[PDB]
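The block underneath contains the structure these notes are about, expressed in structure tokens.
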Amino acid sequence: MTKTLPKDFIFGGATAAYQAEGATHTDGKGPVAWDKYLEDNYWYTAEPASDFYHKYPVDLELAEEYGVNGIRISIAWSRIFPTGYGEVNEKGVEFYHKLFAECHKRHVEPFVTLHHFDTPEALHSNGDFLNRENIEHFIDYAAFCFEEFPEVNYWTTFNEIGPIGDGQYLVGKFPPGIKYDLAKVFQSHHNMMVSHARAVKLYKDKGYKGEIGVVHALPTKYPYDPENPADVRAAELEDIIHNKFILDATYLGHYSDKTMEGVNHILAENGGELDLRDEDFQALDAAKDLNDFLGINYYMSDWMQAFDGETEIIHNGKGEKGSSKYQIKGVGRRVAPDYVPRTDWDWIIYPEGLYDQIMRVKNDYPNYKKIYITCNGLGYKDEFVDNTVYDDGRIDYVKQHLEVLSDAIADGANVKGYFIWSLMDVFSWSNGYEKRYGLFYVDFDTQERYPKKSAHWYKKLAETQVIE
Ligand SMILES: O=P(O)(O)OC[C@H]1O[C@@H](O)[C@H](O)[C@@H](O)[C@H]1O
């Protein structure tokens, strides 16, 4: 009497080059911003990470043992072009071909992302994507990869553009560690999206065989008190900063009137200017209907309350329940509802928000075509016991969301797969190695993998499609 998922659903796992790989200075790998940054601003580094560079056969064998039929992986732009452009690093390219081969061998379909929070340092320190020159460097890097890896049937350009501008120019937790720059945020959202529109046009023109799409973070924004118009407006603007702006570029080819009115407002109150060239809209309009699927990364929702004070944002990275604080002048502040389960990192559990996002994209952008939940998971300090982890909380979190998908599917939403963040334990960019999300437990001192209770649960799900 439980829900069921379509027989052709993808039950995958997700990873990220920098988070998983390791080998940060091996086989010609070029530096990335995180190299110096984590060292100066955090208490851990990307070494040894989960040593994916050498472990992948074990990871893939296990992934196969436990019914995982898909896997998001990212190509480390700085491993192919250790400087963003020019010389190619043979060994880098060699590595990916191996990896890709192992995937096909293990029946795990690779969903490849060209960019996942890791612009080659040399280019990043030069304005990253705010600098229009790097847009070029990207398209060339994409064309290289498209041509070089015919083994890949599914491509994605960028992973979470919103969260890049957010952690980079708004929260200041991702390098360069800038804060409150709502002008840079919106610019980066526009520039990066132009970089995407171009690469997709390109993959389509040169008529390659597979599918090309985007991976967007879409945390549902709700007004704290639906009855208060002040709250409604607040969620609306908040949603515009994190979701609408980007979505619109991804489908309308331009920013809607409400979107620009809100952006105008936000920028007026906080200052700032946007450099929007007409050629950018030619690129955007061209690729608007090209995307083959949408990848929705979703972890939690946000409630917004009106707020008239100055802007202050504190990121709770050590996992101290309550240290999070988010308020923006002209926009509003986030207030967790009273009794929703939230965690030590303050991330709110609210499965219903996923359903609402899926019905929103579906209604506002009917041309989405197909939806994959490219990332969903619960990060928390598991306890290593009996060579496993009795991660019942994670099974509950996942199970709850999978049920909401099973519904959004029934209600006419074209959802084709779910990717659990993450396949194995990896360190978090701003929360260290403590915030674990994996189906498999990595013992960072030995690099030994151990299936968690969720790995065993996911298997039955995989081979039954009955959520129980
Ligand atoms: O902030 P956390 O704990 O790392 O969880 C956030 C996760 O979200 C995903 O969407 C990002 O692409 C991952 O790289 C990961 O960072």
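From 398, 442, 415, grab the single residue that is within 23 Å of residue 342 (Cβ to Cβ) and of a type in the set (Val, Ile, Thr).
Step by step, each of 398, 442, 415 is checked, and only 398 is within 23 Å of residue 342 (Cβ to Cβ) and of a type in the set (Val, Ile, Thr).
Give the stretch 356-379 a look and list any residue that's touching a helix residue (DSSP H, G or I) at 6+ places or on another chain (Cβ under 8 Å) and either surrounded by fewer than 19 Cβ atoms within 10 Å (Cβ to Cβ) or of a type in the set (D, E, K, R) (or both), or say none.
Across the stretch 356-379, the qualifying residues are 359, 362, 364, 365, 367.
Considering (1) in a helix (DSSP H, G or I); (2) more than 17 Å from the chain's Cα centre (by Cα); (3) within 27 Å of residue 261 (Cβ to Cβ), say which one residue 179 fails and leave the rest.
(1)
Of the residues that sit in the stretch 96-121 and are over 23 Å from the mean Cα position of the chain (by Cα) and outside any loop (DSSP other than H, G, I, E, B), which one is surrounded by the most Cβ atoms within 10 Å (Cβ to Cβ)?
Residue satisfying both the conditions and the ranking: 102.
Can you name the residue in the stretch 328-354 that is crowded, with 19+ Cβ neighbours inside 10 Å and not in a loop (DSSP other than H, G, I, E, B) and is also nearest to the chain's Cα centre (by Cα) among such residues?
Residue satisfying both the conditions and the ranking: 354.
If you scan the stretch 380-430, which residues turn out to be part of a strand (DSSP E or B), surrounded by fewer than 21 Cβ atoms within 10 Å (Cβ to Cβ) and within 16 Å of the ligand (Cβ to nearest atom)?
428
Give just the number: which of (1) touching a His at 6+ places or on another chain (Cβ under 8 Å); (2) outside any loop (DSSP other than H, G, I, E, B) does residue 274 not satisfy?
Every condition holds for residue 274 apart from (2).
Looking only at the stretch 293-327, count how many residues are assigned to a loop (DSSP other than H, G, I, E, B), away from the ligand (no atom under 16 Å from the Cβ) and surrounded by fewer than 18 Cβ atoms within 10 Å (Cβ to Cβ).
Within the stretch 293-327, residues that are assigned to a loop (DSSP other than H, G, I, E, B), away from the ligand (no atom under 16 Å from the Cβ) and surrounded by fewer than 18 Cβ atoms within 10 Å (Cβ to Cβ) number 4.
Only residues in the stretch 235-249 that are within 12 Å of residue 301 (Cβ to Cβ) count as the first member; pair them with residues that are part of a helix (DSSP H, G or I) and among the acidic types (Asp, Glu), Cβ under 8 angstrom, at least 6 apart or cross-chain, and list the lot.
242/166
Each value in this text was obtained by applying a stated rule to the coordinates, not by laboratory testing. Here Cβ is always computed from backbone atoms with ideal geometry, including for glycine, and neighbour counts include all displayed protein chains.
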